2 protein chains.
Amino acid sequence: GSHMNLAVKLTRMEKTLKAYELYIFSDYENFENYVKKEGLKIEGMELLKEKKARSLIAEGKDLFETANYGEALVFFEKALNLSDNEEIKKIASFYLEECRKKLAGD
Amino acid sequence: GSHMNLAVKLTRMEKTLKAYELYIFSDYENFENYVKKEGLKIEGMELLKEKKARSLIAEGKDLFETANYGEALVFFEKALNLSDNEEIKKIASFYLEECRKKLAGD
């Protein structure tokens with residue numbers, strides 16, 4: 001040609017580097033906000049969502065353990081909505097039901 | 001005319017993408033080895049080893065809280081060996097012992 005016409009490719013790649021940098025150097029929320037708004041497909045995203053969902057379950061569990069069932073419920077539902085990972089689903093669903101039991105006075 | 005420097009940039013960015021992927025999803029040693037081999041200049045390189053140790057502690061702790069003690073053991077031992085920080089090693093050691101108690105049936 002000898003034009004390579006790489007600009008579109010490189011600007012996508014720049015954004016995916018920026019996404020990885022947000023994951024490494026910033027909060028999960030900053031990372032996912034950027035990925036969502038730039039519409040990026042990040043390889044291994046599911047693993048990252050699973051890890052964050054697991055962190056949310058842990059937060060809920062600590063709230064559950066202080067009998068803040070209402071607040072705990074919020075975290076389990078968040079975890080459920082964040083990751084479609086099968087273990088996350090089962091564990092979050094378990095704890096969600098435990099909250100519901102306590103909330104019903106059972 | 002064409003801009004071959006953008007193609008060079010492409011090669012650099014592909015490598016940098018792979019580096020970040022190794023950092024996030026693989027062991028620090030693999031990331032280190034790849035960066036050295038490719039002579040990449042990663043921004044914040046000197047920060048990453050301790051950051052990795054910390055993320056391993058966090059991920060290990062969330063596995064611990066979801067009662068995956070066998071899985072968590074791996075994260076804690078890796079963090080124990082990767083960190084150069086005595087406080088971080090105390091955290092890792094504490095959880096490692098708890099995981100071992102779980103493997104033993106307490």
Side-chain angles (χ1 to χ4, degrees), chain A residues 15-65 68-103, chain B residues 17-28 30-31 48 51-79 82 91-92 95-96 98-99 102-103:
Chain A
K15 293 178 179 162
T16 138
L17 294 169
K18 176 160 182 191
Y20 286 140
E21 290 157 6
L22 289 176
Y23 188 74
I24 297 162
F25 295 105
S26 186
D27 293 343
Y28 181 86
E29 318 94 77
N30 289 101
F31 162 73
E32 76 165 335
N33 284 351
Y34 183 77
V35 168
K36 129 75 201 189
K37 98 147 202 166
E38 299 298 333
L40 305 170
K41 199 278 163 270
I42 304 294
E43 265 265 315
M45 185 68 166
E46 292 305 312
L47 290 165
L48 303 184
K49 286 176 157 168
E50 183 198 335
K51 285 175 180 288
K52 176 60 166 167
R54 201 177 295 274
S55 173
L56 288 161
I57 287 174
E59 286 202 74
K61 174 169 149 151
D62 287 341
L63 283 160
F64 182 85
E65 291 181 6
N68 290 92
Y69 303 116
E71 294 183 44
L73 187 141
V74 176
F75 278 90
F76 299 130
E77 291 260 40
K78 258 233 177 210
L80 252 353
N81 292 336
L82 177 57
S83 166
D84 294 317
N85 173 277
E86 48 184 10
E87 186 189 345
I88 296 297
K89 181 177 184 178
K90 292 183 184 298
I91 294 181
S93 293
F94 167 75
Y95 286 124
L96 225 212
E97 294 307 300
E98 297 297 302
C99 291
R100 288 169 163 168
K101 290 177 181 181
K102 293 284 183 192
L103 288 166
Chain B
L17 291 169
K18 177 172 176 168
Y20 287 154
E21 286 150 22
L22 284 170
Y23 179 72
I24 296 172
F25 299 102
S26 188
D27 287 345
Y28 191 77
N30 299 313
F31 163 72
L48 295 180
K51 281 175 66 69
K52 185 63 171 188
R54 294 158 67 92
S55 60
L56 290 167
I57 294 279
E59 297 177 21
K61 184 270 281 184
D62 295 329
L63 284 161
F64 183 91
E65 299 282 13
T66 47
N68 291 318
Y69 301 114
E71 285 188 292
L73 180 82
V74 177
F75 282 76
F76 294 122
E77 230 170 74
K78 283 186 184 168
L82 195 62
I91 296 164
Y95 276 101
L96 201 59
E98 296 300 317
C99 291
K102 294 291 188 258
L103 285 170

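Just so it is clear: chains get the letters A, B, ... in the order the sequence lines come, proteins before strands, and each one is counted from 1. Any value given below was found using the heavy atoms of this structure, including those in side chains, with hydrogens, waters and symmetry copies removed.
- A salt bridge links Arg100(A) and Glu77(A); the closest N-O separation between the charged side-chain nitrogens and carboxylate oxygens is under 4.0 Å.
- More than 12 heavy atoms of other residues, nucleotides or ligands sit less than 6.0 Å from atom CD of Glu38(A).
- In terms of heavy atoms, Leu47(A) sits closest to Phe25(B) at CD1-CD2, 3.9 Å.
- Atoms CD1 and CD1, on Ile91(B) and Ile57(B) in that order, are 5.5 Å from each other to the nearest 0.5 Å.
- Between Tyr23(A) and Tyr20(A), the distance separating the two ring centers is not shorter than 6.0 angstrom.
- With sequence neighbours excluded, no residue forms a salt bridge (charged side-chain N to carboxylate O under 4.0 Å, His left out) with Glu32(A).
- Annotation for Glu46(A) and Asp84(A): closest pair OE1-N, 4.5 Å, computed over non-hydrogen atoms.
- The two residues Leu48(A) and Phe31(A) make their nearest non-hydrogen contact at CD1-CZ, 3.9 Å.
- In this structure, CD on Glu43(A) lies 12.0 Å from CE on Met45(A), to the nearest 0.5 angstrom.
- Legend: salt bridge (charged side-chain N to carboxylate O under 4.0 Å, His left out) pairs involving residues 51-70 of chain B, not counting sequence neighbours, sorted by first then second residue: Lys51(A)-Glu59(B), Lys61(A)-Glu65(B).
- The heavy-atom pair separating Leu82(A) from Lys49(A) by the smallest distance is O-CD, 3.6 Å.
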Before you tell me yes or no, could you show the steps for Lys78(B) and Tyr28(B) under side-chain contact (heavy atoms from CB on, under 4.5 Å), namely the whole-Å CA-CA distance, both residues' side-chain angles and the distance that decides it to 0.1 Å?
CA-CA 10 Å; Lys78(B) 283 186 184 168; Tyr28(B) 191 77; over 6 Å; no
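- Taking NZ of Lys90(A) as the reference point, atom CG of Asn85(A) lies at 10.5 Å (rounded to 0.5 Å).
- Contact detail for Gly70(B) and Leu103(B): the closest heavy-atom pair is CA-CD2, 4.3 Å.
- Take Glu21(A) and apply the salt bridge (charged side-chain N to carboxylate O under 4.0 Å, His left out) test, not counting sequence neighbours, and it matches no residue.
- Annotation: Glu29(A), atom CD; neighbour count of heavy atoms from other residues, nucleotides and ligands within 6.0 Å is above 12.
- The CG atom of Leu80(A) sits 9.5 Å away from atom CD1 of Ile88(A), with the distance rounded to the nearest 0.5 Å.
- Classified by interplanar angle (parallel below 30°, tilted 30° to 60°, perpendicular above 60°), the ring pair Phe76(A)/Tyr95(A) is parallel.
- Smallest separation of non-hydrogen atoms from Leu63(B) and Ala72(B): CB-CB, 3.9 Å.
- Applying the 6.0 Å contact sphere to NZ of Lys36(A) captures no more than 12 heavy atoms from other residues, nucleotides or ligands.
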